[PDB]
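>>> no sequence on hand, only this structure:
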């Protein structure tokens, strides 16, 4: 493969520090040019210098033409649009390298065998396993050095996006940028109102919240954001309002302002693919420079899969995996509401655990902060925890676990701090 | 169209992040080149990578010429002057795609028709609808600027279709238009009479109720509506009536009027598919303009599935999911009576919960207002709640939960309001 | 289709009142004649008159030849053998109409598309659905009046064929004429003896009972009818009898009379198709004028299906559907004994419900009076209900449900009334 | 034959109700016309309609000419003088159908034989039998008059084949001739010894017992028949015997005589198909005229199915159904030992019921006298029923159910009577 | 397994221990299978590895939530 | 099976017994199959061996963990 080969050579001529980020030998590259382009390129690194046109053409002054001339070094560097695909190309060059030797060690056996052909299948076995050199594994460093950084160094207060619950942020220090949190729970636990709360709290810390409600309407989501903001009674407004409530118009003419003075964006298209949300995320991130973006989803299961004709358990995987990628590659907080197996209500302890994520397999694995919601006063009419939702962080990849308690005001869809 | 088709392919080969900002399938593009130019282009994206000449030509190393050779990819990327018209061109391509399938589904009917051409106009219908797919919305505030004018329009009461139980409507404010409510319960709880009550109550609020009794006959449903309307004794009429009851003919010659002066429509075909009900719903909605329509079903389980040879647990899902769509896309209240697992009677608290919806999985998820019925005087001969059914709203999507009590008159199949 | 078209036009020219019983438009008919034969035919009904040769030719006097001349009208009238097929043909005429418009709206899209082809799929959608209203649909009152006709004529004795159990006939008022009742139950519950009882009871009310025993012999069915009629001990006779029982010869020389003086007919051909039973029912009904006929079947599953090479679950459907048709079209009580899923015995409450009808799907739907049998003293050696079979009516289309208890005399295969 | 073929098709087009009065398939009629004339004629009936020229020509609108054109249907209808010879002709067509398939199944063997040609003669035999057709209708008389006989001929004792247990035969009166009894039970209950007991008891009543032991050897079955007959201790003989037991040689030199003086026949081929047993039954019945034959099977599950590649649950059905046929068509008592679900031992009452016949579905249905065995002193070391097997008749088609108790002598494999 | 051979190959002569922070978070072989069979598929496979690869296999696990509904939480 | 023929061949005239320390740890024939069918595949095959090879086959097994939730642990 010459195409990916050029990108590698060029991207290195562009960033004379990438020869280090990806290890190779001229043996990988095509004969002649690409070969000499790296042989001389690698030598200048082992001799402890820099690798650029100027230096390369300065090394082999007389034998410069054997590298395609100078006019080629420049053509290679020009061919590379962006040095972001370097990894992906440095792998395509590596895959084809194993490919080349896999044959060279296969037709090696044939000629070698014909002395019993036993030690052959033995010697030709150890070589084939040497082709099992991983690019992804578990080494020593790279981490220890970055284990440093500002973190260990200095800091106070929340680094990332605050949830709005003092006792929760004292564990996460704000949902990061690449994280993919999961807010799952049984029906009628505040699964939605808990989301619409964090939605505003983030919009108050001057962040952008993209609410993708595939289940509800652009309206009800606001109607809820108001009844939660002004602390007005949920039942009052609905229909009574006009000739039933008074002095609340003060709390109303205030909430109506707050919601319009917020950074809440609501998308309510019926069928939303993970790719759809993706597009609307770039767009919102482009129109809004400098500021962080959070993408909420009101139902992981109501999302539209990529392959219509596929097993359900694979669709949720297709979704989950894709959702994570988005957070990582787009650098935005991805919060996805989910549902828990109906099997939770057939136990003595109605408290959700990870296994309760029914179909979704590749789910719990791609999630960074799985947090279940639990209202005890739903299964028990006589609970010692009257009106208390307990947010259960069952998984934190870069932090600790534990249960956080919040006071749930059923009437305003509001959550209160404790402790 | 090839012209706008080039622009799309090219503008993507220039901005390898645009494949996301506009969803397509190779099916949109011309045969061979443009097709393979996207197929391979799309694949690289699904594998979580980038999409540029270098990467594309790197993928299909031997089969590159089938994409017009490398000399074509560059020509496509040079053809695009600016990636600003991408939206306009990605639409031109999208319009021509529908056009391609509109014909493919038109000349589909023709050949298909030539059994009865009914299932044709049905199968050729569900396909054509999978083409109205591109709401050019995607904003934040647009229908959000209109959520203030219906808070002042909060005149008085009940916005949607009233249940007829003062204490219930003070929670739902009338079953909405897209909702899918579920009236489940054990046998002998009033499951049916409770339905036939709401049936009329709505026909009094001048709404249309489509009662689909798959279990009973068009007669018994009326015979019950009468014994409920006139408050006449249920046992009397049956047979005795003639020479057993007197001065009830006043209550009879009145009820017989009410029922005939009502908007109750009863369908009693033995085997009813969700699609059958669908057809009868459009028809009723067409003949009756301006007025709201409610669709009641006397047995979610007695409905005829779509795929005869399928797992039972998948049939109830096929039904449930379909039933919801109907309510959403046809804009009518869908009320479906259901039955609860026989497993409820092997507990100490005979009070139904969500997990009691046995086979049905995708059920509780597609339901908006799951409401179980419970008569305490059935499991207990000495109950402190003599003749009291308690309607248990276990799930409300746009509202609160809780239990509502009503007085059940076993003899008249009537339900009375309380404090 | 001209053949069916003629039938429709003719049968109308024969029954100038059928134009109402089947709604059409000239559009449905072929061009020229058939078209004008209806357009002028319909016109005459709209102007509130009568449709006959005399009248039609009276209308279009000068333009009569454009209807094929008078000679044609007469020919059409003569073509109709019996106005019985009118429905069937008026449907063939209707089906072809949809097909004509289906193409018309299909080749409509093609020319319409080539503006954005969106409103096309939309306009071409409304039309494709607006192709259903042609035959019988949804209504009400035409039955209300009938629901009332049977109220004042509620004399009080049994209208149809009596079961022979006072407490059962007080629910059914005699199995009607078009009904298809289902006597299902587990093995060793009296499933057969309960049938052979109703068998005689009907032959005593002077009705004819055709007993199709596919499992047993023409003899055992009699041997049982005797041991049940004379109340003689079942074990005595068998082999002992001669030199073991005395003074029973009175009860024997009485029973043998009763059975030969009865209207019981027993068919015991090994393989009986639903069509076989059909033929034997016509024959019996023909030979016996004026009197009602009841057809019993000792095993719904031992019936021979129509399509040998077909899925079992479809065979029981093929049978069930056909069996009902017989009862409807031949106007006879059809009682079929059935068996319940072996799965009943793996529960705590051995009491049968409808779901226990295993394979049979189209079964519970086509049945009018599903009645299960249950002997409690089979599963419990110490039952408070010693020798008590409880007949459980789980489905009554034109009546109520509930459980009826009878005293089962194991020794005589006799059933006794209670309360 | 075409002449009688026309009369049938014609007399039906004349009387559209005769298609029912005589069953046929298009396969009976000549190719092309007559074939299609019935294929489309039959379809219209299955869809619940009529069958006349007008209706048929209406069905196949375009494809009418393939039925000989309209001008042929009429010709057929006109060719029928009187619809009185319909039966006579419907038989002439039928005879010619058997003749057609008799050849097709004859020249079938020829080509088929060309694996051992055994399963050929077998599969070619089952087909040739599906052609024997002799019967009419039914009355009662001719059979009624026979129900007498067995009263006058009822001398008082066992009619059929005696089990050998006084308290069991007082319920069955000897296993009949067409019956298919089932002796199922858990391992270690005497399932086998109970069989080998009835085996001899029948051989003493001068009947023939064919013991098919697929699990054991021809030897062990005898070794058991001896230890049971002479009442010698089972452990003694085994190996000790020679120099361990004395004065038993009297009981031995007597039993060895009994077994050799018995009518017991033992087959022990490893893989036995139901058809294998069939052949060996005819042979034994042919060689032994006038006497009754019983066919025992030591493991219903160890029998070799007919279709190797089929679902297990269908194999036991294939066996069970076949096993019954044999008993019926060969007129011999079929006793088949079986095993019960391992699920029996996970309950409080270890007493077997019908639902415990695991895989086998069409089993309990084809069985006439299912009798489970239960030793209480196996699950309970301290039972009040020391050494007591209880034979549980759970199903009796022509008799009553109930439990019979017998004393089990573990040491001699002997069963003793009680009461 | 693969990452164990690799580590054992790169490091000759020395013993290798394989720790697992959650026996239940391991990905089973057959996705569509009963949960109780998956943990069996894992467990059985995990042992084979230790045996056939000759390395110490330590697997952290979790105990039924049913432990906390007794008097002795042991 | 193979190791049984071999041992029976090298050792003429004498009887052979084949013990197995775990019926469940044996490797099935069809990797992609239901667990309950694998033990059936093994069991059935194990018997055939004893019969056709004419050797005593002793197989150690394990009992359901369900035994310890009863009063009689027998």
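Nice, thanks for sending it over. Numbers count the residues shown, from 1 in each chain, chains lettered A, B, ... in the order given.
>>> do a quick rundown of the strands in the stretch 151-300 of chain A.
For the stretch 151-300 of chain A, the strands defined by DSSP state E, counting those that start in this stretch cover A:180-185, A:208-212, A:264-267, A:293-298.
>>> in TSV: the ones you listed, plus mean neighbour count and distance to residue B:247.
In this view, the C-beta of every residue, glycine as well, is placed from N, C-alpha and C. Shown next, in TSV, are the strands of the stretch 151-300 of chain A (neighbours: other Cβ atoms under 10 Å in any protein chain shown; distance: least, Cβ to Cβ, whole Å):
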stretch	mean neighbour count	distance to residue B:247
strand A:180-185	25	58
strand A:208-212	25	63
strand A:264-267	24	61
strand A:293-298	25	58
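>>> looking at those, which is closest to residue B:125?
Distances from residue B:125 to each of the strands of the stretch 151-300 of chain A were compared using Cβ to Cβ; the minimum, 28.4 Å, belongs to strand A:264-267.
>>> what packs against that closest one?
In terms of contacts (3 or more Cβ pairs under 8 Å, 6 or more residues apart in numbering or on different chains; DSSP states H and E), strand A:264-267 is packed against helix A:193-204, strand A:208-212, helix A:220-229, helix A:274-287.
>>> partners of that strand, with directions?
In the sheet, strand A:264-267 lines up against strand A:208-212 (parallel) (DSSP bridges).
>>> how much distance is there from the strand it pairs with to the middle of the chain?
Distance of strand A:208-212 from its chain centroid, counting by Cα atoms, centre = their mean, to the nearest Å, is 16 Å.
>>> ok, now stretch A:157-173?
19 Å.
>>> quick one: buried residues of that stretch?
Buried residues in stretch A:157-173, counting neighbours by 16 or more other Cβ atoms under 10 Å in any protein chain shown, are found at A:158-165, A:168-169, A:171-173.
>>> also stretch A:242-258?
Here stretch A:242-258 shows A:244, A:245, A:248, A:251, A:252, A:255, A:256, A:258 as buried, counting by 16+ other Cβ under 10 Å.
>>> mind listing what the third one touches?
This points to residue A:248. Each residue near residue A:248 by Cβ atoms under 8 Å, 6 or more residues apart in numbering or on different chains is listed here: A:230, A:232, A:233, A:236.
>>> check the gap between residue A:69 and chain F for me.
58 Å (Cβ to the nearest Cβ, to the nearest Å).
>>> give me the number of residues near that residue?
Residues within reach of residue A:69, counting by other Cβ atoms under 10 Å in any protein chain shown, total 13.
>>> so how far is chain B from the nearest residue to residue A:197 once chain neighbours are set aside?
Spatially, and ignoring its direct neighbours in sequence, residue A:197 is nearest to residue A:415 (5.1 Å; Cβ to Cβ, 6 or more residues apart in numbering or on different chains). To chain B, residue A:415 is 16 Å away according to Cβ to the nearest Cβ.
>>> what's the answer for residue A:337, then?
Distance from residue A:337 to chain B, by Cβ to the nearest Cβ: 13 Å.
>>> next, the angle from the strand or helix carrying that residue to helix A:274-287.
Residue A:337 belongs to strand A:333-339 when assigned by DSSP states H and E. Interaxial angle of strand A:333-339 relative to helix A:274-287 (axes from the mean of the first three to the mean of the last three Cα atoms, to 10 degrees): 150 degrees.
>>> what lines up beside strand A:333-339 in the sheet?
Assessed with DSSP bridges, strand A:333-339 is paired to strand A:180-185 (parallel), strand A:293-298 (parallel).
>>> now do the buried residues in the helix or strand immediately after it in the chain.
Remark: after strand A:333-339, the chain's next helix or strand is helix A:362-366, criterion DSSP H and E. Residues A:362, A:363, A:364, A:366 are the ones in helix A:362-366 that count as buried (16+ other Cβ under 10 Å).
>>> re earlier: list the buried residues for the strand holding residue A:337?
A:333, A:334, A:335, A:336, A:337, A:338, A:339.
>>> for chain E, state which of those residues is nearest.
Each of those was scored against chain E by Cβ to the nearest Cβ, and residue A:338 proved nearest at 18.0 Å.
>>> wait, what's in contact with the closest one?
Here residue A:338 is in contact with A:182, A:183, A:184, A:185, A:299, A:300, A:301, A:357, A:360, A:363 (Cβ under 8 Å, 6+ apart).
>>> circling back to that earlier point, may I ask which two of the buried residues of strand A:333-339 are separated the most?
Checking the buried residues of strand A:333-339 with Cβ to Cβ, the most distant pair is A:333 and A:339, at 20.8 Å.
>>> can you name the residues of chain A that neighbour chain E?
Neighbours of chain E within chain A, by Cβ under 8 Å from any Cβ of the partner chain: A:129, A:132, A:134, A:137-138, A:313, A:348-349, A:353, A:355, A:361, A:364-365.
>>> biggest separation within these, which pair?
Largest pairwise distance in the residues of chain A next to chain E, by Cβ to Cβ, is 51.6 Å, between A:129 and A:348.
>>> and chain D, which of the contacts of residue A:248 reach it?
Of those, not one also sits near chain D (Cβ under 8 Å from any Cβ).
>>> including neighbour count and distance to residue D:88, could these go into TSV?
Below are the contacts of residue A:248 laid out as TSV (neighbours: other Cβ atoms under 10 Å in any protein chain shown; distance: Cβ to Cβ, whole Å):
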residue	neighbour count	distance to residue D:88
A:230	22	94
A:232	22	91
A:233	17	89
A:236	17	88
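>>> and of those residues, the nearest to residue A:401?
Closest to residue A:401, out of all of the contacts of residue A:248 and judged by Cβ to Cβ, is residue A:230, at 35.0 Å.
>>> who's in contact with the closest one?
A:248, A:251, A:252, A:254, A:255, A:258.
>>> where's the closest residue in space to residue A:242 that isn't next to it in sequence relative to residue A:223, distance?
Nearest residue to residue A:242 in three dimensions, chain neighbours excluded: residue B:154, at 4.6 Å (Cβ to Cβ, 6+ apart). Noted for residue B:154: a distance of 11 Å to residue A:223, by Cβ to Cβ, to the nearest Å.
>>> again, but for residue A:149
44 Å.
>>> how about the contacts made by residue A:273?
Applying Cβ under 8 Å, 6+ apart, the residues near residue A:273 are A:303, A:304, A:305, A:306, B:23.
>>> is it true that the first one touches residue A:318?
Read it as residue A:303. No. Residue A:303 lies out of contact with residue A:318 (Cβ atoms under 8 Å); the separation is 9.7 Å.
>>> overlap in contacts, the two.
Joint contacts of residue A:303 and residue A:318 (Cβ under 8 Å, 6+ apart) are residue A:274.
>>> look up the closest residue to the residue of chain A found nearest chain D, ignoring the ones flanking it.
When scored by Cβ to the nearest Cβ, chain A has residue A:346 as its residue closest to chain D, at 20.8 Å. Nearest residue to residue A:346 in three dimensions, chain neighbours excluded: residue B:355, at 5.3 Å (Cβ to Cβ, 6+ apart).
>>> from what I can see that neighbour touches residue A:347, true?
No. With contact defined as Cβ under 8 Å, residue B:355 and residue A:347 do not form a contacting pair (9.6 Å).
>>> so between the two, which is more surrounded?
More neighbours surround residue B:355 than the other of residue B:355 and residue A:347, with 19 against 13 (other Cβ under 10 Å).
>>> and that one, how far from residue E:72?
Counting by Cβ to Cβ, the gap from residue B:355 to residue E:72 is 31 Å.
>>> what does residue A:295 give?
For residue A:295, the distance to residue E:72 - Cβ to Cβ - is 48 Å.
>>> do residue A:196 as well
45 Å.
>>> quick one on the thing from earlier: hmm, which two among the contacts of residue A:248 are most spread apart?
So, these by Cβ to Cβ: farthest apart are A:230 and A:236, at 10.8 Å.
>>> alright, that wraps it up for me.
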